[PDB]
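**Student:** This is the structure I want to talk about, given as structure tokens.
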Amino acid sequence: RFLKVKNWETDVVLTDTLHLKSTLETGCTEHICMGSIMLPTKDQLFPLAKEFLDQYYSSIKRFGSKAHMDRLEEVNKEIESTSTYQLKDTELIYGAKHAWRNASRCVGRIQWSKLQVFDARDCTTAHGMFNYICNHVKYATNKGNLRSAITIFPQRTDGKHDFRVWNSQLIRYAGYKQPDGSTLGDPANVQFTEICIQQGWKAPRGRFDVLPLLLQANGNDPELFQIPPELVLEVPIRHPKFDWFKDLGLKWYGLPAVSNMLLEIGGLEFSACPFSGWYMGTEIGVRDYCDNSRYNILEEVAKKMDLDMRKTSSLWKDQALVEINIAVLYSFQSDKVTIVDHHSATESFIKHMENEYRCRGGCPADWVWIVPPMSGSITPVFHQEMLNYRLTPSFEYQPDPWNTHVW
Amino acid sequence: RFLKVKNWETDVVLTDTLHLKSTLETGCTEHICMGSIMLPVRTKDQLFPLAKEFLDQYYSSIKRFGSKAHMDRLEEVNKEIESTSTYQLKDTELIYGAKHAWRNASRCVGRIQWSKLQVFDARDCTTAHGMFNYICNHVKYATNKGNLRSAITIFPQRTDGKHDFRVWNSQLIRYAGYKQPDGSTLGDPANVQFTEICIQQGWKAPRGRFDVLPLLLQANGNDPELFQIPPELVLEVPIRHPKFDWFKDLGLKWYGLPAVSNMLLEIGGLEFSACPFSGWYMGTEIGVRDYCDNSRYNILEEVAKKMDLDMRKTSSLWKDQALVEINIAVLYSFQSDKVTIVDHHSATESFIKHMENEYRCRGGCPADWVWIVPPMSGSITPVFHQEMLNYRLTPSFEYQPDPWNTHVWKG
Ligand code: HEM
Ligand code: HEM
Ligand SMILES: Cc1cc(N)nc(CCc2cc(F)cc(CC[C@@H]3C[C@H](F)CN3)c2)c1
Ligand SMILES: Cc1cc(N)nc(CCc2cc(F)cc(CC[C@@H]3C[C@H](F)CN3)c2)c1
Ligand SMILES: C[C@H](O)[C@H](O)[C@H]1CNc2nc(N)[nH]c(=O)c2N1
Ligand SMILES: C[C@H](O)[C@H](O)[C@H]1CNc2nc(N)[nH]c(=O)c2N1
Ligand SMILES: [Zn+2]
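In order, the protein sequence lines correspond to chains A and B.
Residues 299 to 338, 350 to 716 (PDB author numbering) are what the first sequence spells out, left to right.
Residues 299 to 338, 348 to 718 (PDB author numbering) are what the second sequence spells out, left to right.
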């Protein structure tokens, strides 16, 4: 019931006690592990609020104090009266940083405390959402010296007035089905691109067309906005040794910014909460460029390298994969856009994990997501046992809005 | 109940009903997932249900469920348990059980081959010398001059747990490791402790970088005995690179036959504490883990030097670059010497086909994603995108404590 995790490369063992605060369910049971599955009233609210407020006032060394008891009473009053309640700015900031701290699938959590929280709970229209998101983008991009940030829109009330960003990320490229049968652009985004065209977007039908924002305020129908082109920092991808690489026409955007998750704090739900940091190189070069269901350029790069593509055992896919990922890091570094390589990021996560066990009693971590999608065992996270459990505050998945929105 | 798994690359959705037949526990709870934890005397009381379950499975597979032969066998095993507190498997049941233990091995990517396992029955063995002879014949048969063949040798089952047969080696063929006084290691750092045991037991160590360890063999609970595998039975492959002629000068070689010898085979409640089994290598087991783990031979630095890669910052991906070239050399060398080996692309594509086949005809295929995904180039292999369900069926291979921690010494 108190748990050990071993690192099999260094022989270090850590003792996890933080998991005994787990509040949500994992999807696993004693008979079956689901660790690789991508997606496994007033009475409910006050215990949720009490538990968050208890950890908040414990974190500020004011547990059981007058201010603690007074807030507890005031929140209790507000829930009986107004069915819900509002977070103080300090609680909102704490709740947001801790949601990131608790994100077991995130390798970049060594940075969790330096998050810039933008309170957008005064937003009332989709036009306001767009201004708040443009400012987020500009602040976070910061001319390429990227800064972590989240923008928090008004909390769910009765579920019929949700704020939602319909895009999965603030910045993504469109995908179009060709009459051909092939796919132009990002195949991950074909459906959402269809909804943009359905809502009236004029698609350039290019290969790297930054999608528009589809913003929903107060449960209203979503509206379309285009991020100002000069706020979208992009990087042309070249290779430090292959002059021909630039001829592939590849570029990627600088800012990874997740916009479709749900932030839970003290039982309150923030259905629109875009957050951003900076890329790990392999997110672009391994997944975006080489997934079969994405831009899928492995074959092309390998042909320009003149590799023996007859047999898998020449490892031509592996060789091209390394080169694509060399180019991605070289291009971002050359253009002075913040990026981290998977060796640096995983080494940082180990230091962070040690810090969390030492100062917090544990660190929930999902090995399937923490280990990078290339060169797994030469990063130190590969040899690190990890316990996965669900702490709150938390980022959570939510249904795509077009499947739930009454139009 | 029905459970579904999605492949996120192809959108194939499969439905698992086989998990309903799972008895053993996983280590996970509704509140914690232990999916990345490495490792998370039996009275007549529980033995007969375990026998009855295995025998029902066996007679179902041969389409004889409920037959007179089935009912007689159950009656026979029942009486043998109440009389003798244990029972003996027929040869057919032992073969079936060992194949299915492999079939159920959720961490094994090679399971497409599970039905082509050569089972060597060594249940008549009584001494360590006899174990040695059986193991030599396994190595010779399985090596097959480089045309490798899967095999398992099964020694007598546990009785009171005071007379266990055990192979003390973790693998039949492994290289020694020697801790130097200066802290460095010569040979395989993984095997330092076992090497010391061998030396303590009287092994005269050559003290080179690639010394094949002796077998340390325990029969009927007696103290273990040292035996040197005949070197002509130990097929080895010198590692060279198809384009880099300096690679041969690194002096690397590996053995051809991977053979796990420290696991326990459970069949119908019987425990076979000595059951070495062997197949052939996936390239990355040698080129990624054995050569490039920091806790193993750890040659990335040297190889990257010889390629004169920019090593001053990890952002050059020099580690990734040298990793691919080492794994190219390992596959090139085994293929050149006509020793069986599979690359991780071929191996994972085959496992996907096997798993889909298993879903259709068996209703499930337990799989441990953490172990199935190769240790390099994970997402350009089709298992990366494949959701998997991990659960424990019997017959099964289980871990067991190392014998030097449990063995009662005689002297
Ligand atoms: C600052 C640099 C950051 C880096 C290098 C980083 C890295 C990553 C990576 C590699 C993943 C795996 C996701 C995938 O492969 O698709 C991930 C997931 C995630 N990150 Fe971080 N991240 C950063 C910042 C942040 C921030 C600022 C937040 C929230 C405030 C955050 C929250 C999350 C969450 C919730 C997930 C899991 C998403 C899911 O389950 O789909 N990350 N991160
Ligand atoms: C025929 C070719 C085979 C291939 C290519 C293969 C491949 C693999 C690989 C790559 C692993 C992970 C090993 C590690 O990372 O340490 C593994 C594990 C395993 N294999 Fe296979 N294997 C083969 C044959 C067999 C056979 C014949 C058996 C048993 C009869 C078997 C049973 C297992 C088991 C039980 C594990 C789990 C080991 C553990 O939990 O530590 N495999 N296999
Ligand atoms: C802030 C941030 C920083 C960073 N450095 N990186 C990311 C990307 C993390 C991420 C989060 C998600 F919520 C979803 C994705 C991609 C969704 C796909 C859908 C597939 F099914 C598998 N994942 C990526 C975000
Ligand atoms: C039959 C077979 C074929 C193949 N192609 N490959 C293997 C390797 C499987 C294996 C199982 C083990 F039980 C242990 C190892 C190596 C020991 C390390 C040390 C740690 F304990 C973790 N495993 C390898 C086996
Ligand atoms: C901690 C972690 O489970 C450990 O490093 C595992 C990860 N996956 C693995 N996968 C394979 N095939 N072999 C291994 O030894 C391991 N080690
Ligand atoms: C099936 C499997 O869960 C799926 O491919 C996961 C594996 N690990 C991952 N890891 C990260 N970081 N991101 C991902 O999208 C995935 N996808
Ligand atoms: Zn689990």
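Ideal Cβ placement from N, Cα and C applies to all residues, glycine included.
Measure the alpha-carbon distance for A:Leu-318 versus B:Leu-322 and round it to whole angstroms.
**Tutor:** Going by the C-alpha atoms only, they are around 24 angstroms apart.
**Student:** In terms of alpha-carbon separation, which member of A:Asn-605, A:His-470, A:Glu-360, A:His-692 lies closest to A:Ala-497?
**Tutor:** Measuring from the Cα of A:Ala-497, the nearest candidate turns out to be A:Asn-605.
**Student:** Going by beta carbon distance, what residues of the same chain come within less than 6 angstroms of B:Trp-306, once the five residues before and after it are set aside?
**Tutor:** For B:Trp-306, where only same-chain residues beyond five positions count, the Cβ hits under 6 angstroms are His-692.
**Student:** If you draw a straight line from the alpha carbon of B:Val-646 to that of A:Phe-554, how long is it in whole angstroms?
**Tutor:** Roughly 37 angstroms between the two C-alpha positions.
**Student:** Name the chain B residues that come within less than 7 angstroms of A:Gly-563, Cβ to Cβ?
**Tutor:** Ordered by position in chain B, no residue passes the 7 angstroms Cβ test against A:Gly-563, which lies about 16 angstroms from the chain.
**Student:** Under 7 angstroms, do B:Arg-473 and B:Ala-581 count as touching if we go by C-beta distance?
**Tutor:** Contact: yes.
**Student:** Got a sec: does ligand 2 put a non-hydrogen atom nearer than 6 angstroms to the Cβ of B:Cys-415?
**Tutor:** The answer is yes for B:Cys-415.
**Student:** Note down, in chain order, each residue of its chain lying with its Cβ closer than 6 angstroms to the Cβ of B:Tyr-706, except the 5 sequence neighbours on either side.
**Tutor:** Taken in chain order, the residues that qualify are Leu-337.
**Student:** Tell me which residues share the same chain as B:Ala-429 and place their Cβ nearer than 7 angstroms to its Cβ, disregarding the 5 neighbours each side in the sequence.
**Tutor:** Here the set comprises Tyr-441, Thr-460, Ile-461, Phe-462.
**Student:** Measuring straight from C-alpha to C-alpha, what distance separates B:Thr-688 and B:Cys-415?
**Tutor:** Looking at the two C-alpha atoms, the distance is approximately 15 angstroms.
**Student:** Looking only at C-alpha atoms, which of B:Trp-716, B:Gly-670, B:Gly-718 sits nearest to B:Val-303?
**Tutor:** Nearest of B:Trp-716, B:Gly-670, B:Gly-718 to B:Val-303, Cα basis: B:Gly-670.
**Student:** Have a look at B:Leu-301, B:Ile-369, B:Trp-587, B:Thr-315 and flag the residue whose alpha-carbon is nearest the alpha-carbon of B:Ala-654.
**Tutor:** Taking only the C-alpha atoms, the option nearest B:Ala-654 is B:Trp-587.
**Student:** Going by Cα to Cα distance, which pick from B:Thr-434, B:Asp-675, B:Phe-641, B:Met-695 is closest to B:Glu-543?
**Tutor:** Ranking the options by Cα distance to B:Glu-543, first place goes to B:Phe-641.
**Student:** Closest Cβ-Cβ distance between B:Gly-586 and chain A: below 7 angstroms?
**Tutor:** So no, B:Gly-586 is outside the interface.
**Student:** Does any heavy atom of ligand 3 sit closer than 6 angstroms to the C-beta of A:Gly-404?
**Tutor:** The answer is no for A:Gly-404.
**Student:** Check whether the Cβ of A:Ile-687 sits closer than 6 angstroms to any heavy atom of ligand 2, and report yes or no.
**Tutor:** Checking the Cβ of A:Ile-687 against ligand 2 gives no.
**Student:** In chain order, what residues place their C-beta within less than 7 angstroms of a heavy atom belonging to ligand 5?
**Tutor:** Selection output, chain order preserved: A:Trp-306, A:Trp-676, A:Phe-691, A:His-692, A:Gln-693, A:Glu-694, B:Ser-334, B:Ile-335, B:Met-336, B:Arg-414, B:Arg-596, B:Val-677, B:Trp-678, B:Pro-682.
**Student:** Count the C-beta pairs between the region 589-606 of chain A and the region 364-372 of chain A that are closer than 8 angstroms, then say yes if the count reaches three, no if not.
**Tutor:** They do not touch, by the three-pair rule.
**Student:** From B:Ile-330 to A:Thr-327, what does the alpha carbon distance come to, in whole angstroms?
**Tutor:** Going from the Cα of B:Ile-330 to the Cα of A:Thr-327 covers about 9 angstroms.
**Student:** Kindly give me the distance between the Cβ atoms of A:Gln-535 and A:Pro-521, rounded to whole angstroms, as I take these residues to be in contact under 8 angstroms.
**Tutor:** Yes, A:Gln-535 and A:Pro-521 are in contact; Cβ-Cβ is about 5 angstroms, under 8 angstroms.
**Student:** Please list the residues of the region 651-682 of chain A that have a C-beta atom closer than 7 angstroms to any C-beta atom in chain B, keeping them in chain order.
**Tutor:** Of all residues in the region 651-682 of chain A, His-652, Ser-653, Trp-676, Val-677, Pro-682 have a Cβ within less than 7 angstroms of some Cβ in chain B.
**Student:** If the criterion is Cβ atoms closer than 7 angstroms, does the pair A:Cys-599 and A:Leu-557 meet it?
**Tutor:** No; because the gap between Cβ atoms is not below 7 angstroms, this pair is not in contact.
**Student:** Where does the unbroken alpha helix (DSSP H) through B:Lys-613 begin, and where does it stop?
**Tutor:** B:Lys-613 -> alpha helix (DSSP H) spans 607-613.
**Student:** Can A:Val-677 and B:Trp-678 be called in contact, C-beta distance under 7 angstroms?
**Tutor:** For A:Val-677 and B:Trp-678, no; Cβs fall outside 7 angstroms.
**Student:** Give me the chain B residues within the contact set of A:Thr-324, using Cβ-Cβ distance strictly less than 8 angstroms, ordered along the chain.
**Tutor:** Those within 8 angstroms of A:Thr-324 in chain B are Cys-326, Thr-327, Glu-328, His-329, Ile-330, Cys-331.
**Student:** Given a limit of 8 angstroms on CB to CB distance, which residues of the region 604-625 of chain A reach chain B?
**Tutor:** Those residues of the region 604-625 of chain A that come within reach of chain B (Cβ to Cβ, closer than 8 angstroms) are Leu-607, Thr-621, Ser-622, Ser-623, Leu-624.
**Student:** Check A:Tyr-485 in the structure and name its three-state DSSP category.
**Tutor:** Correct three-state label for A:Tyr-485: strand.
**Student:** Any heavy atom of ligand 3 closer than 6 angstroms to the Cβ of A:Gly-586?
**Tutor:** For ligand 3, at least one heavy atom lies less than 6 angstroms from the Cβ of A:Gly-586.
**Student:** Taking the alpha carbon of A:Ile-659 as the reference point, which residue from A:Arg-299, A:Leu-301, A:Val-310, A:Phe-300 has its own alpha carbon closest?
**Tutor:** Comparing Cα positions, the closest option is A:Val-310.
**Student:** Is A:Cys-415 close to chain B? Criterion is C-beta to C-beta, closer than 7 angstroms.
**Tutor:** Chain B contact via Cβ: absent.
**Student:** Nearest to B:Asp-363 by CA position, among B:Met-614, B:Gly-404, B:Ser-390, is which residue?
**Tutor:** The residue with the shortest Cα to Cα distance from B:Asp-363 is B:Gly-404.
**Student:** Would you say the beta carbon of B:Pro-583 is closer than 6 angstroms to some non-hydrogen atom of ligand 4?
**Tutor:** Checking the Cβ of B:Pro-583 against ligand 4 gives no.
**Student:** Is the beta carbon of A:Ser-686 closer than 7 angstroms to that of B:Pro-682?
**Tutor:** Going by C-beta atoms, B:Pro-682 is nearer than 7 angstroms to A:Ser-686.
**Student:** Counting only C-beta atoms, is A:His-317 closer than 7 angstroms to chain B at any point?
**Tutor:** For A:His-317, the answer is yes, since a Cβ of chain B falls inside 7 angstroms of its Cβ.
**Student:** Report, in whole angstroms, the separation of the C-beta atoms of B:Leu-312 and B:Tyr-666, which I expect to be a contact under 8 angstroms.
**Tutor:** Between B:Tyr-666 and B:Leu-312 the Cβ distance is about 4 angstroms, and since that is below 8 angstroms, they are a contact.
**Student:** What three-state label does DSSP hand A:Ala-429 in the structure shown?
**Tutor:** Residue state, collapsed to three classes: coil.
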